[PDB]
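Reading through the C-alpha cells given below for one structure.
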Amino acid sequence: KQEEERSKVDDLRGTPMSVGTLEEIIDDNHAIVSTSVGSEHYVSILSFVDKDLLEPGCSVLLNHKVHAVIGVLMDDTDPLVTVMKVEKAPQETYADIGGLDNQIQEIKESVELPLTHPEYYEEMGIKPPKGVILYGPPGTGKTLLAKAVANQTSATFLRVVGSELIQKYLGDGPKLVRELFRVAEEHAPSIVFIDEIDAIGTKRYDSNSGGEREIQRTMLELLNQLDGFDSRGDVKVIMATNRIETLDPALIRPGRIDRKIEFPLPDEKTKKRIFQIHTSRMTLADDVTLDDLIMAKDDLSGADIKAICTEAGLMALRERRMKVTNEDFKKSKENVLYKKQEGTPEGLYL
Amino acid sequence: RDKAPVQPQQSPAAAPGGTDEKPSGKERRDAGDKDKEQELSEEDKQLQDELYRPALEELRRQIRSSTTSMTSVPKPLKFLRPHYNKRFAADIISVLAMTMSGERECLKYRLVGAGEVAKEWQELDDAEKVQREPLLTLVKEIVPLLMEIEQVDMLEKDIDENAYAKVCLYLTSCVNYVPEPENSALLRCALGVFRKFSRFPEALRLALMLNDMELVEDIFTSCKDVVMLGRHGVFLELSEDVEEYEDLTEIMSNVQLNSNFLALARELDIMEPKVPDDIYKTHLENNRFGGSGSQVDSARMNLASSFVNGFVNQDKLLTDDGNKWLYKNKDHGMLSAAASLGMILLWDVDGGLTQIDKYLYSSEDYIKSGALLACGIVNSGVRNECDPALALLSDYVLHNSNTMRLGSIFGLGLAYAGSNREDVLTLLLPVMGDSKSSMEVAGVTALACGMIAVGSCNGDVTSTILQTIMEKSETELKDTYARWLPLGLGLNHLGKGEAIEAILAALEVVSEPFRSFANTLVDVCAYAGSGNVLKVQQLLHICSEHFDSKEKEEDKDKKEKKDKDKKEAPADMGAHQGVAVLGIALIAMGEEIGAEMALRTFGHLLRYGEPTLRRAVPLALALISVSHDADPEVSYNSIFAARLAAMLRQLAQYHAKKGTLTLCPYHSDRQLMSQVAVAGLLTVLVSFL
Ligand SMILES: Nc1ncnc2c1ncn2[C@@H]1O[C@H](COP(=O)(O)OP(=O)(O)OP(O)(O)=S)[C@@H](O)[C@H]1O
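Order-wise, the sequence lines are chains B and f.
When the count follows the authors' numbering, it moves up by one through the first sequence with no breaks and lands on 440 for the last residue.
Numbered by the authors' numbering, the letters in the second sequence go through residues 6 to 55, 70 to 103, 118 to 146, 163 to 193, 207 to 289, 297 to 382, 387 to 699, 714 to 728, 739 to 754, 773 to 804 in order.
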C-alpha cells in the first residue's frame, strides 16, 4: 500500500534533520549542501520529493550525519510577509484635498496613469518610471500619500519598512530580499512601497555581525535584484526617505530610479486648511485666531500641526474643558517645539 | 409608588375588588407594573378561581406572558376572544401579541393538523397593518393559503415595500432556506398582487420561477397595453426557456393582436438591433487578430487560433480572410473551422446562406457537415436549413451524413424548442437506432433532444429517453456513450419541480457503475437547488465513494445547487486530494463576475502540473473574466514557457475575448480529457450573445 512506501521514505529520513542554504544546480541529482556554516559533502536527494519546485540556491531539509537532501523547506512564515503582503486596501486616499496638490498630480500621472492605462507608451514610445524617491522634511505626507495610493488603486499594493530587512543571522536579509521580490513578482501588477531607507546607511547594531560587511551585502542583493535583470516590465516600486546624505549613488542613478520628488513644507494659504481640518473634529472657543500659529512656525510639518491641534485640546480637556483657550495653544505649541524661536530674527524686517 | 397599598389586593376573592382592580391594573399595564411582576408567586394560586373572568384571563395572560411560558401563555387569549397607535397597544399588541401569537402559531402549526388561530392570525395581520412596519411581521406570518389571503388582504396601498422588501427577502430566503412547495404560493399570490401592479419584470421573474404559459399571454396583453418594447422582447427571449416561445408563437400564431409579438417573441428581433449597434458603439482593433492571431503555428494552436479569431465577434473579416488556412486544417478541426463561420456570425440570416453556400456540399465531408453545423449555429428561427441536411441524414451505419447528423441534429437542437417537437425526434429514432461508432451521433442525439426537452413539464419518462435508456443498456461499449447519454437523460429531467424520475430511472437503470453513474447524473440534474440540505449531507457521505467519477459529477452539482447563496460556495475541495475534485471546484467558480476570492483560488489552481488540470484552469479562469485580465494569461506563458497546455492557453485567450442555455454546454464539456474529435464538438457550448 501507500503506507509502506511512506514509511520507507520516513525511514530514509533520520529524525535529527537539518536545514542548509544552497548555491547551484548539480543536474544529475547528487547535490552538495552548505549549512549556515557550510560543510559540504557530495550529498544525494531523497527522490520522491520534488527537486524542481525550486530555483537554484535555497533552503531544503537536510540530515546531520550524511548531510543528504531530504525534503522541500517549509514556506517559512517570517514576520515580513504578513506586513509585506498588504491584506486590505485600507483607507485615507483623500479625506481632505488641499494638503499638497502639486505632486498629487505628479504621483497620479506618474504612477496611476502609466500603470492603470499602459497604452500611452504605445503612441509615444516612452518608458515608465520604475522608481521614484518621494522625500522631504519629516512629517509631510510621504507615508500618508503612500497609503493614499495604496487605497486609491487597482494594483496589489505592497508596503515595506526599511528595518524589516535587518536580522542578525547570516544571509538572512538577502533571503528576505529574495522572498520580498517573490512577493513583488507573484501577485499582480503591483505597487511596492518601501520606507525608511535613510535609516539604513550610517547604522550599526549589537544584535549583528560585522557591520559594514552585513547590509552592504543585503543592499547589494537589493541592487542585484531590484533593477538588475529579471525583466522589469510593469512592477511599481516606490522608496521614501527624509534625508539623502546616507544614500549610495549607485542606486540614485538612472536605470534604477528615474524621478526625484521633494515635498515643500506648505504655505500659509494651505496651513489655514490643514490647521482647520486638524481642528475640524473638536469643540473650540472660536474667538481664538490660529493665524498666530499659522504665521509663527516658519518650517512647520504636518506632524507639528497634528500635535498642536490635538495637544491644545488635550491641555483644555486636561482640566475637562470642551473648548480651548489661546494660552492653552501657547502651552501646546511651546511643548511641541523645543524652544519656539522664530521671533527676532525676524521679527524686525518690519 | 410602593407596592404596600396595591399588593394585598390579590389576597381577597370578592368579585368587585377584582372587577375594579383589573381596570386599575390596566392603567398601570402601560408599563406592566412598577417592575418585572413579582406578583407572580402569589397570584398563580388564583388560577382555580372562576363575571369579568375574561378580564382575569387578561391579567393571567398578562403576567404569564410577562414572565415566561410556551403553551399556557396564549391559552387565556384563545379563551379570551380579545375584547374591551398607543404605547399600551404596542405592548399588549406588538410584542406580546407578536411573540405570544407567534409561539401559538408555531406550537399549533407543529402540533395539530383550528379556526381560532386563523381568526387571531387575521387579527394580528390587521394590527400589523396598523403598525405598518412589515419585514418581521411578514416573515413571522409566513410559517402559517394563509399567506395568500395575507397578501391580498394586506396589499392595498404600499407597493414597493411589500413587493421589493417582502418579495426580495422572501424570494431570496424562500429559494435559500425554505423548501419548494410554499414558493408556489409566493409565485401565485405574487402573480395576484403583481397582476394588480405595474413594472412587469417582477411578473416576468415570476415567469422565470413559474414557467407558466398563461402569464406570457397576460403580460403581452398587458405589456402591449403598456407600449423599451423591443428591449423587453430582448430580455423576454433571454429570460424564456425552450417551451414557452413555441407555445407563445403558436397561441400568438393564432391571435398576435398586432403581429409584432410574432416579430419579437420568437427570434430575429432580440438579434436585429444588437449586431449593427455592436459594430457602432464598439470599435475593436486589429492587433489581437494579428498578435493574438500571431501566437505561432502547429495545426492545433493555429487551429485553435482560427477558432479564437473566429469567435472575434470590426466586420466579419476573419470569416472572409482568404484561403489556405482551412486547407492546412484537418478533419475535426475542419468541423471546427467550417462551424467557425457560424461562430463569427450568429445573425445575418440572408448572409448566412450566401457565406456558408460555398462551403455547403463541398468536396469535403467535414466542410459540408460543419457547414450545416454552422447553419445550425447562426440562427434559431430559420428552419429552412433543416431539409438539405435533414434529407441526407440516413446512412444506416457510418457514412458522411451521420457527421451532418452530428452538426445538424446538434444545430437543429440549437434551432428549435417546441412544446415537444416530435417530427425531429421521429428522425431521431433511426439516429439512436443507427448508433454509429462515432460518439457524437448519440452524443448530439441525447444533447439535442435534451435541448428540445429541457423545461419539460416536470420532465417526462417518455419512450424517447426510455428508448435511449434501453438502447443505452443494449450496448456497453465506449463509456463516453455511458456518460453523454445520461447528459441528455438529465436534460429531459430538467424542467422538474417534483419529479420522481430519479426513482423511476433508479428502478430501471441502476447496475454496475456505468448506470450507477447514470443514477448520479439523474441525481445531479433532478435537483437544481433549494433549501434541501439533506442531499447536501448525502453529498457529504456519497462524496466519499470509491468510484471517482460519480464523485466528479455528483460533487460537480454544487454550482447548480447553491448558485445564489454563493458565500458558502467556497469549500475545501482544493484542500482535498482527489485531483478531479480540484477540477470540480475549478468548474464551480465558472464565469460570473468573479471576485478577488475566486481569482485568489486561481492563485493555487493556476499552479498545477497535470495537463488536464493545468488545461482545466484557464477555461473557467477566463470564463470568469469576459495587467489585470491578461495578467494570469502571461502568467500561463510563465507556466509552460505541453501542447495541451498551449491549447489550454489558447482557450483561455478565447475566454478573455438559471437560464438552461448557459447550463448545458459546459456539462457537455466535462469529458474534455480526450481526442480532438471530442473537441470538434467543443465549439458547441453556445452560451453567449
Ligand atoms: N489628506 C491629507 N492630505 C494632505 N496631508 C495630509 C492628509 N492627511 C494627513 N496629512 C498630513 O500628512 C502628514 C503625514 O505624516 P507622515 O509623512 O506620516 O510623517 P512621517 O511618518 O514622520 O514621515 P517620515 O518621517 O518620512 S516616516 C500628517 O502629519 C498630516 O499633517
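C-beta atoms are modelled at their ideal positions from N, C-alpha and C, and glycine is treated no differently.
With the criterion set as a beta carbon lying under 9 Å from some beta carbon of chain f, the members of the stretch 212-244 of chain B are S244, in sequence order. Per DSSP, reduced to three states, the secondary structure at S108(B) is strand.
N396(f) counts as exposed, since fewer than 16 other beta carbons sit within 10 angstroms of its beta carbon. Pairwise C-beta distances place the stretch 214-221 of chain B in contact with the stretch 340-349 of chain B, as three or more of them are shorter than 8 Å.
Of all residues in the stretch 271-286 of chain B, only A278, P279 come within less than 8 Å of chain f when Cβ atoms are compared, listed by chain position. In this structure, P180(B) has its beta carbon at no less than 7 Å from each heavy atom of ligand 1.
Within the chosen limit of 7 Å, ligand 1 does not reach the beta carbon of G104(B) with any heavy atom. For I450(f), the three-state secondary structure derived from DSSP is helix.
Listed along chain f are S714, each with a C-beta nearer than 8 Å to that of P208(B). Using a 10 angstroms sphere on the CB of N565(f), the tally of other CB atoms reaches 16 or more, which defines it as buried. Taken atom to atom, the span from the alpha-carbon of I221(f) to that of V311(f) is near 32 Å.
In terms of Cβ geometry, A410(f) and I429(f) do not form a close pair [threshold 8 Å].
Between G443(f) and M407(f), the CB-CB gap stays under 8 Å.
In the structure shown, the three-state DSSP call for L184(f) is coil. Proximity of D274(f) to chain B, defined by a Cβ-Cβ separation below 8 Å, is not satisfied. In this structure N245(f) is buried. Its beta-carbon is surrounded by 16 or more other beta-carbon atoms within 10 angstroms. Listed along chain B are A278, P279, each with a C-beta nearer than 7 Å to that of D718(f).
The continuous stretches of beta strand (DSSP E) do not include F98(f), and DSSP gives it neither H nor E. Here DSSP, grouped into helix, strand and coil, assigns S280(B) to strand. Under the DSSP definition of a beta bridge, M329(B) partners with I223(B), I284(B).
Note on geometry: alpha-carbon atoms of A158(B) and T167(B) lie some 24 Å from one another. Between the alpha carbons of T331(B) and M214(B) lies a gap of roughly 32 Å. Placement of the Cβ of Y184(B) at a distance of less than 7 Å from at least one heavy atom of ligand 1 is found. Excluding residues up to 5 positions away in sequence, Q14 lie with their Cβ nearer than 7 Å to the Cβ of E26(f) in the same chain. The beta carbon of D285(B) sits closer than 7 Å to at least one heavy atom of ligand 1. The beta-carbon distance between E336(f) and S453(f), rounded to whole angstroms, is 5 Å. This is short enough to meet the 8 Å contact definition.
Taking a 10 Å sphere around the C-beta of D389(B), we find fewer than 16 other C-beta atoms and assign the residue as exposed.
In the structure shown, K396(B) falls within a helical segment according to DSSP collapsed to helix, strand and coil. Where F138(B) is concerned, there is no enclosing beta strand (DSSP E), because DSSP gives it neither an H nor an E.
In terms of Cβ geometry, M275(f) and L249(f) do not form a close pair [threshold 8 Å]. At a Cβ-Cβ threshold of 8 Å, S108(B) and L152(B) count as neighbours. Here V173(B) really is in contact with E254(B); their C-beta atoms are around 7 Å apart, less than 8 Å. Taking 8 Å as the cut-off, the beta carbon of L466(f) is found no closer than this to the beta carbon of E458(f). Between ligand 1 and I290(B), a heavy atom-to-CB distance of less than 7 Å is absent. For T246(B), the enclosing beta strand (DSSP E) begins and ends at 246-251.
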